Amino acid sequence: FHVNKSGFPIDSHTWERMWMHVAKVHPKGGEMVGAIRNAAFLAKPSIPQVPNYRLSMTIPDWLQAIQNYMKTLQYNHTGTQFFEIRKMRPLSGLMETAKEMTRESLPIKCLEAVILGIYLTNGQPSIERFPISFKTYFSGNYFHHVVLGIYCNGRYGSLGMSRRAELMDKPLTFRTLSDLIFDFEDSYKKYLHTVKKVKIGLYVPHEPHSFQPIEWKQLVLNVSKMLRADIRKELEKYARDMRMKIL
């Protein structure tokens, strides 16, 4: 996994190293790398319009519009992440990078989806936004995933980008934080991942000029050795703390 620190347009070292990785993993790479690289003309892909909240939308409607915008950007399968996200950057500068995303319109992976999730949900203060991170185990490997948890009018949900349809957006229909988290765990069971750790962040402030970093891990719990009855408790205490604006 390579990340582009060159900005736009992309400089030659990082560009070539993308086609590098693309020609190795593809069983018929190189044959097809040339066909894109060397082609006098390519179709100019459609630029999706960035959604704006209109008074005829419910919150679920706006949330689906944000998620549909991200799906149109597409998940990044190229191997080269195009927008660098430094997790502990001030919120202010991550928002600058989200602006980059909407204005450059390129594929994105899960972390960048979360930043853009935040950027598109600033401006609706009925929605609270907080990152959910998962460490999971499959076949002798550990993997890391992240989504945007969502809380609004007593219901929980998520926005996200994933290669798997069941590990991104979740409608605003879960009555506890635990029901949300437990849906992800069951979704991971479909792909034979065991959830080892779950990290819940803090509400992301709606000040887009905040220079504080996002809090990614106020709660960390080792769901592997824990029973569901006790995962629920630990998660339910923490969600309620979030709502009572203690944490």
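Numbers for residues come from their place in the sequence shown, where the first is 1.
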Next item on the list: Pick between 182-190 and 217-225: the one whose mean CA B-factor in the entry is higher.
Entry: 217-225
Margin query: Test of understanding: from the entry's C-alpha B-factors, which stretch has the higher mean, 144-152 or 79-87?
Written below: 79-87
Notebook entry, point to check: Going by the entry, which of 158, 133, 92, 105 has the most elevated CA B factor?
Noted result: 92
Item checked: Of the residues 60, 201, 48, 29, the one carrying the largest Cα B-factor as recorded -> 29
Check: Of the three thirds of its chain by CA temperature factor, lowest, middle or highest, which one includes residue 65?
Finding: lowest
Next item on the list: Tell me, lowest, middle or highest third: where does the Cα B factor of residue 40 rank within its chain?
Entry: highest
Check: With respect to C-alpha B-factor, does residue 55 fall in the lowest, middle or highest third of the chain as deposited?
Finding: lowest
